[PDB]
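Just below is one structure, and these are the notes that go with it.
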Amino acid sequence: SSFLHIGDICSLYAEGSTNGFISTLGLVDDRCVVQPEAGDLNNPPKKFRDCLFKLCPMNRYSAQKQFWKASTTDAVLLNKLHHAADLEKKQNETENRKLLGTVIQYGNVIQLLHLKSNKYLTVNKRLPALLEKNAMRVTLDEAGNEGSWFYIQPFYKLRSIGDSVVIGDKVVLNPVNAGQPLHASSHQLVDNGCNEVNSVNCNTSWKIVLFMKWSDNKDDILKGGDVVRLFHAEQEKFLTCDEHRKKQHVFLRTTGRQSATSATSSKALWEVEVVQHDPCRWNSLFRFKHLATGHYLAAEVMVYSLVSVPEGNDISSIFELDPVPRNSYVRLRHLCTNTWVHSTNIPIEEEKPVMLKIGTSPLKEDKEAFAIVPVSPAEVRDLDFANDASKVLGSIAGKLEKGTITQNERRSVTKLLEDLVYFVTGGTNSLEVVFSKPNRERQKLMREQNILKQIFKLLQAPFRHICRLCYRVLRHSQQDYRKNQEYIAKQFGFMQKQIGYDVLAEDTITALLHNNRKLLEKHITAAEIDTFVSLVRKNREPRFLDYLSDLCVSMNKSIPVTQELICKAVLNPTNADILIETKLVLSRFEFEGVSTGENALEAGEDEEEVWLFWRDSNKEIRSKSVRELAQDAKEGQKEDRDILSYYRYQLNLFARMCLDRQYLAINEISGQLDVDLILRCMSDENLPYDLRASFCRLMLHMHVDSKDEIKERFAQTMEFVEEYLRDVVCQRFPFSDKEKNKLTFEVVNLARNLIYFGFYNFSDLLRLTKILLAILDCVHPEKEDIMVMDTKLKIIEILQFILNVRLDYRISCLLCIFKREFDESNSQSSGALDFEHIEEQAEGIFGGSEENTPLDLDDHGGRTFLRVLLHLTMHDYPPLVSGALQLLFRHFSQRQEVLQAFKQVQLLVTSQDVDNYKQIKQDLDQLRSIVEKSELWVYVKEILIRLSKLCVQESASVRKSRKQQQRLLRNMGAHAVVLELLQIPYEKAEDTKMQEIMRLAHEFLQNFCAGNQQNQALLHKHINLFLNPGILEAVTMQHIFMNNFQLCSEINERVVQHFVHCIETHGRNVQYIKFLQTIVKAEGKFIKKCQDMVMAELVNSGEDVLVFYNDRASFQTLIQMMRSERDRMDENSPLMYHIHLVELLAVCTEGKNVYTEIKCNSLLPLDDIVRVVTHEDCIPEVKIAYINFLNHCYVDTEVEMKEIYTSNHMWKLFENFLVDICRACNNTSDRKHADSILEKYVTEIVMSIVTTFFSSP
Ligand SMILES: O=P(O)(O)O[C@@H]1[C@H](O)[C@H](O)[C@@H](OP(=O)(O)O)[C@H](OP(=O)(O)O)[C@H]1O
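Mind the numbering: the sequence shown is residues 6 to 75, 82 to 203, 205 to 293, 299 to 318, 351 to 372, 382 to 406, 409 to 490, 495 to 525, 548 to 791, 825 to 899, 960 to 1009, 1026 to 1134, 1176 to 1493 in the UniProt record's numbering, read in order.
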């Protein structure tokens, strides 16, 4: 008849005194029960996916059971016992696939495996059970042990061991050694009508009810119960179910990612109900149970439309497929109705929604094609092992808001809020952790499955394992996850009281502090002078107060900050003593050196605490260099010191330079300096990884060959460094290298910059180099990538002093050494008064030392030195020009005082553009903040007129400065954000700005329509410009029409035609007949210039991507209607600026008849031009005699054309034997001396013109 097999999926139905279908209580609770009333044979359980199992051969638990004795100090013996538990664990997978399908046979030793929870049924021999007192504890263990082997055997003696098992047979399962047979209890659990199954010799009879037979070739085939998402072929959109307006709606969901297929949520997942007849396992129909709610899908009231139905029974919840295979791309058909599905664009209150309704149509299409994207089974068990969590905190957060919870529930919830930690980090944290790194897909599975929501509706009403243990879960799921962080605001202020009962809420606000930088710092504020004083007066160890200290990041933190320091001098009530002033401290040290406990222990705390925050002082040095008195560092330790001298140094000497030099020399060198400069540039610049820099490290170890007070610490250094060279003679950077290579670390780099701030141009700084050579040479997988982040930085401090020296300090003398003669008498080396401008420019560095509190020396003395700059702006670029930029950098803080500009204004006085603006993009991300703040207030004035000047500068330069804008970081953000504020504002003539800082960026090699390929995407997303009745603000029009030209004006795609046609389209021309003289006259006293620029804007449509403008059939869709309308604008005068609208309309007028061949059917356009070119006054023809001679040759080539365009063009043959005969210009201007090339290119352009005419039309 019909047999059971290894592979079949069935159900087992208990037939003793309590009946049922076994089932779990979720992926949280590892128990097993019989829901007697949850279903019967005749009426199957409604969740008959959690009462399903797979029949497994016998598994191997000896080397894995050996591996569950982690009785060993040894580490090589542990990695051994594992490689045997994992080889075993894969020998199981191997052997289990061959045996796939066998007639099982009675008295085989099978185990049983849960599909939905993917854990093995297992008898825990050495336990009692929970609801029953004798029976062993039957649990669901994920990987199994010997306690999951089950002897299957026939209950009745109808069949008997040694025949092959039939389907249905009642059987008893009997573990191989764990003792007694499985048995469905009589004992309702506590919480749930759920009888707890356990092991105890009993007369229960297990029927075996098949579900799928062992033919489900997957993920190979779509068979009933596979979880899939349903992607859209045309629309490129997944199929989802949610609620809008408190109503369940299905829809297609829109994504803003830049990779459609990277939009995965746990709500587009649909269970497949391969409809059968009884509840079991491409020509038959299908139903989609929405994988999240439990509501199927069904199309009800395009004749019909899709929405969720609570029960998937109604014939409506049945469909039919059209091209089975896993990952098929199908078209589907709603059965009851006979219609084929279709996606609209009317959505369901929001501003810019996302939910696009989906409906049906009796018309079968070809593009509405969906993709049966199969879901990974783990992800399905992820959504599983979270929903549980949502409903666990749904009982417990419900039972503790209105009253009390037992001692069994605390133990299981606390447990829960440890497991989730064990989830969200992709199995890394938990306890005594080593690492703690997040896993993204789970975090999204929390805000979307209201784990988070549950959490905040739990805290709100001992707790020592509830809060802030939640609050560390919250510290894991918002990690580097913006969208989930835009939630802790109202929550952030639990961190306070949750910071009490435990400093765990501390963890969060610093996970805050850093990223939530800038904007975290404004809400604490003086709050802090009451949460360290508190955190000091309650957190006796004061952890809170400390990692607070460790949280300070960004210049703007120093303020509010320094305030608490003062509380500290009123708060030094630590009830202990420290003094000597060299002895009893020192003695202190000989004593905590003792690794003894309690006392010695303590020292670590105030030691770190001093190092970090006391050095904390960076360039607030003054506050730092005033708070850090006596300079001591004999015993230096962990880097504390290196930091402190930073604190003091800032007070003294912002070092700067300029780059040593300039001119052709630096080259002759570097070239002389050959690759070298390159080999090391890659390793540090790149080779963040060890290996790559390692190679340039071989390329090294072959080679072959008045400071006074700032000095008196420097020497103790060089000795110590040699030390690093004497410890260096010691290869091992083992344990030592934690201490040494930290203290070091804090040394290595701060020394890079200490040689860039304290060398000397005599044989000393260098000869010290010499000794450093022998220093730097004295020093040259596994847990060493967590350590090798730190190694990576060390090699930076290395190659860092190394390059600040070796690159830019290095080689400075051989230079001035080589002075001799060259031609003019032996002259060996042993802009006018360059001095005066470099000692007003030193009046400058002294400028660079001063500050705003200095009201006396602030305004009166310095003044606008800018005049010197403005006056020497024409003269050649000094070398201490990067030392100029010294001054520049400082003003990046702020500018309220009107004063800035006049001084700031000297800088504008510049005449070595290219080279600088290379150094000026230094601020590109800041100065992008200068256009985004300068832009939220423009369209104190020095930051928008200065971020614009900076812009026309990185705008009137190289084609490479153009590509360098490289403004994915951030164009689309300076056009979308400068617009955003800057569209709705527009400034009237004459002073008005939106047009020069969005009009010096698109200087695309000073015409024509090219190299602006970036201008289809940033011009892609934007808000448009006004239209129809009314009017708007002036200038930023003139600006706009032009600006559009250069964004969608490139010549290369077919867009450009629909682009200078999408929007204004043909329709624009109409409104350009009358009324913009009116918006320019309400626009500004000079009405007719914003109008006349409105006229170079409407006449230049042919000029930019004309060629392209035509693109596809652009001269066929407005043929006829633009030429006649043009006669409507055929007359004008007094046009110097509008005659740049008559050379931007003689370029505009040149782009009417350069491309046509069977489209022209109008008359008379030819006399009118001739008339307009004769009616001229003002400027020497030569530009209107190369635009009208340029007209006279572009006309004179055609020939038989015009000979259809009008009756004759005979006034046009005298007129080009004039704009071409001319005079010395036309009388006596005599301004051109490349005549022979004039007459030449004009007589090989009169020879190219001669070849043409023969082919006229
Ligand atoms: O840019 P960020 O800061 O990474 O933030 C993502 C961005 O807003 C995506 O557009 C969004 O996808 P949708 O547009 O499809 O929502 C995604 O949501 P998700 O994390 O929920 O996928 C966000 O995390």
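Backbone N, C-alpha and C fix where the C-beta goes; we use that ideal spot for every residue, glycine too.
Discussion item. I want to check one thing, is the minimum distance from the CB of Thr267 to the heavy atoms of ligand 1 below 7 Å?
Written reply: Within the sequence shown, residue 267 is the residue found at index 255, counting from 1. Proximity of the beta carbon of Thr267 to ligand 1 is indicated: a heavy atom of the ligand is located closer than 7 Å.
Worksheet item: Leaving out the 5 sequence neighbours to the left and right, which residues in its chain are closer than 7 Å to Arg137 when beta-carbon positions are compared?
Response: Residue numbering aside, residue 137 sits at position 126 when the sequence shown is read from its first letter. Within the same chain, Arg137 has no close Cβ partners at all.
Worksheet item: Taking the alpha-carbon positions, what's the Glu1130 to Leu1180 distance?
Response: Sequence index remark: in the sequence shown, residue 1130 carries index 935 (1-based). Sequence index remark: in the sequence shown, residue 1180 carries index 944 (1-based). C-alpha separation (whole angstroms): 7 Å.
Fill in: CA-to-CA distance, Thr252 to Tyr313, given in whole angstroms
Residue numbering aside, residue 313 sits at position 296 when the sequence shown is read from its first letter. Residue numbering aside, residue 252 sits at position 240 when the sequence shown is read from its first letter. Using only the alpha carbons, I get a separation of about 12 Å.
Worksheet item: Between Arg241 and ligand 1, is the CB less than 7 Å from at least one heavy atom?
Response: Indexing the sequence shown from 1 puts residue 241 at position 229. Every heavy atom of ligand 1 is 7 Å or more from the Cβ of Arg241, so no.
Worksheet entry | Collapsed DSSP secondary structure at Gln71 in the structure displayed | Reading the sequence shown from its first residue, position 66 is the one you call residue 71. Three-state result, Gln71: helix.
Item to complete: Please classify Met1234: does DSSP put it in a helix, a strand, or coil?
Response: Residue mapping note: residue 1234 aligns to position 998 of the sequence shown, counting from 1. Secondary structure at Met1234: coil, using DSSP grouped into helix, strand and coil.
Worksheet entry | Contact belief for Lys1229 with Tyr1134 at Cβ below 8 Å, rounded distance in angstroms | The count along the sequence shown starts at 1 and reaches residue 1229 at position 993. The count along the sequence shown starts at 1 and reaches residue 1134 at position 939. Contact holds; Cβ gap of about 6 Å.
Worksheet item: If we ignore side chains and look at the alpha-carbon of each, how far apart do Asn203 and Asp35 end up?
Response: One-based indexing of the sequence shown puts residue 203 at position 192. One-based indexing of the sequence shown puts residue 35 at position 30. Each residue's Cα considered, the two are about 14 Å apart.
Worksheet item: Alpha carbon to alpha carbon, what distance is there between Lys1448 and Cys1429?
Response: For this step, residue 1429 is matched to residue 1193 along the sequence shown. For this step, residue 1448 is matched to residue 1212 along the sequence shown. In a straight line, the C-alpha of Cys1429 is about 10 Å away from that of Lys1448.
Worksheet item: Whose CA, out of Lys624, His400, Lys643, lies closest to the CA of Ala612?
Response: Walking along the sequence shown from the start, residue 612 turns up at place 526. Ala612 has its Cα closest to that of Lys643, out of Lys624, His400, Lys643.
Worksheet item: Relative to ligand 1, is the shortest distance from any of its heavy atoms to the C-beta of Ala597 smaller than 7 Å?
Response: As a working mapping, residue 597 is identified with position 511 in the sequence shown. Ligand 1 has no heavy atom closer than 7 Å to the beta-carbon of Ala597.
Worksheet item: Apart from the five residues just before and just after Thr1392, which ones in its own chain have a Cβ nearer than 6 Å to its Cβ?
Response: In the sequence shown, counting from the first residue as 1, residue 1392 sits at position 1156. Excluding positions up to five away in sequence, the list is empty.
Discussion item. If I measure Cβ to Cβ from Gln1352 and keep anything under 8 Å in the same chain, skipping five residues before and after, which residues do I get?
Written reply: As a working mapping, residue 1352 is identified with position 1116 in the sequence shown. Once the five neighbours on either side are set aside, the close Cβ partners of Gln1352 are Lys1395.
Item to complete: Please indicate yes or no: does the CB of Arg623 lie closer than 7 Å to some heavy atom of ligand 1?
Response: In the sequence shown, counting from the first residue as 1, residue 623 sits at position 537. The answer is no for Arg623.
Discussion item. Within the continuous beta strand (DSSP E) that includes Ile163, where are the two ends?
Written reply: Translated into positions along the sequence shown, residue 163 becomes position 152. Unbroken beta strand (DSSP E) run through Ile163: 161 to 165.
Practice prompt. Count the C-beta pairs between the region 1275 to 1295 and the region 1331 to 1346 that are closer than 8 Å, then say yes if the count reaches three, no if not.
Written response: Contact between the region 1275 to 1295 and the region 1331 to 1346 is present, because at least three Cβ pairs lie under 8 Å.
Item to complete: Specify the secondary structure class of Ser196 as computed by DSSP and reduced to three states.
Response: As a first step, residue 196 is located in the sequence shown; it is residue number 185 there, counting from the start. Here DSSP, grouped into helix, strand and coil, assigns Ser196 to coil.
Practice prompt. Would you kindly work out how many angstroms separate the C-alpha atoms of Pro186 and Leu460, rounded to a whole number?
Written response: In the sequence shown, counting from the first residue as 1, residue 186 sits at position 175. In the sequence shown, counting from the first residue as 1, residue 460 sits at position 400. Straight-line Cα distance between these residues: approximately 41 Å.
Discussion item. Suppose only complete runs of 4+ residues qualify. What are the alpha helix (DSSP H) ranges in the region 617 to 672, listed by chain order?
Written reply: The qualifying runs are 619 to 623, 629 to 635, 644 to 657.
Worksheet entry | Anticipated Cβ contact below 8 Å, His10 with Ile172, distance rounded | Here residue 10 is taken as the residue at index 5 of the sequence shown, counted from 1. Here residue 172 is taken as the residue at index 161 of the sequence shown, counted from 1. The beta-carbon separation of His10 and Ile172, rounded to 18 Å, does not stay under the 8 Å limit for a contact.
Worksheet item: Pairing CB atoms from the region 848 to 868 with CB atoms from the region 726 to 735, are three or more of them under 8 Å?
Response: When Cβ pairs closer than 8 Å are counted between the two stretches, the region 848 to 868 is seen to touch the region 726 to 735, the count reaching three or more.
Fill in: Reference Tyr732; option with closest CA among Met1365, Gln723, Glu714, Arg747
For the purposes of this step, residue 732 is identified with residue 646 of the sequence shown, where counting begins at 1. By alpha-carbon distance to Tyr732, the top candidate from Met1365, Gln723, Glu714, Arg747 is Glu714.
Worksheet item: For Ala1096, which of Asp1108, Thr1059, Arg148, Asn64 has the nearest alpha-carbon?
Response: Here residue 1096 refers to the residue found at position 901 when the sequence shown is read from its first residue. Residue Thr1059 is the option with its Cα nearest to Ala1096.
Worksheet item: Taking the DSSP output, what are the residues bridged to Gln1201?
Response: The sequence position of residue 1201 within the sequence shown is 965, counting from 1. In the DSSP output, where bridge partners are listed per residue, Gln1201 has none listed.
Worksheet item: Looking at C-beta atoms only, is the number of pairs between the region 964 to 972 and the region 767 to 780 that lie closer than 8 Å three or more?
Response: With the cut-off at 8 Å, the region 964 to 972 and the region 767 to 780 touch.
Worksheet item: Can you name, in chain order, every residue of its own chain whose Cβ lies under 7 Å from the Cβ of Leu631, other than the five neighbours on each side?
Response: As a position in the sequence shown, residue 631 is number 545, starting the count at 1. Here the set comprises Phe618, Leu621, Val622, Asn625.
Item to complete: Specify the secondary structure class of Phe997 as computed by DSSP and reduced to three states.
Response: For the purposes of this step, residue 997 is identified with residue 818 of the sequence shown, where counting begins at 1. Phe997 falls in the coil class under three-state DSSP.
Worksheet item: Among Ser1193, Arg734, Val1188, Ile1259, which residue has its Cα nearest to the Cα of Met1208?
Response: Residue mapping note: residue 1208 aligns to position 972 of the sequence shown, counting from 1. Measuring C-alpha to C-alpha distances from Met1208 to each of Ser1193, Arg734, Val1188, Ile1259 identifies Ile1259 as the nearest.
Discussion item. Nearer than 7 Å: is that true of the beta carbon of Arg568 relative to any heavy atom of ligand 1?
Written reply: By one-based count along the sequence shown, residue 568 stands at place 482. Yes, ligand 1 has a heavy atom inside 7 Å of this Cβ.
Item to complete: Report yes if the C-beta of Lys412 is less than 7 Å from at least one heavy atom of ligand 1; otherwise report no.
Response: Residue mapping note: residue 412 aligns to position 352 of the sequence shown, counting from 1. With a cut-off of 7 Å, the C-beta of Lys412 is classified as distant from ligand 1, since no heavy atom of the ligand falls inside that distance.
Worksheet item: Quick one: does the C-beta of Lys830 sit closer than 7 Å to a heavy atom of ligand 1?
Response: The sequence position of residue 830 within the sequence shown is 711, counting from 1. For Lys830, the shortest separation between its Cβ and any heavy atom of ligand 1 does not lie below 7 Å.
Discussion item. Would the region 418 to 438 count as touching the region 237 to 246 if we require 3 or more Cβ pairs under 8 Å?
Written reply: The region 418 to 438 is in contact with the region 237 to 246.
Worksheet item: In terms of residues, what are the limits of the alpha helix (DSSP H) holding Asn1462?
Response: Along the sequence shown, read from residue 1 onward, the residue named residue 1462 stands at position 1226. Unbroken run through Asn1462: none, as it is neither H nor E.
Worksheet entry | Residue range of the beta strand (DSSP E) that includes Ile367 | Along the sequence shown, read from residue 1 onward, the residue named residue 367 stands at position 318. No beta strand (DSSP E) contains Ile367, which DSSP labels as neither H nor E.
Worksheet item: Does DSSP put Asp444 in a helix, in a strand, or in coil?
Response: For the purposes of this step, residue 444 is identified with residue 384 of the sequence shown, where counting begins at 1. Helix, per DSSP.
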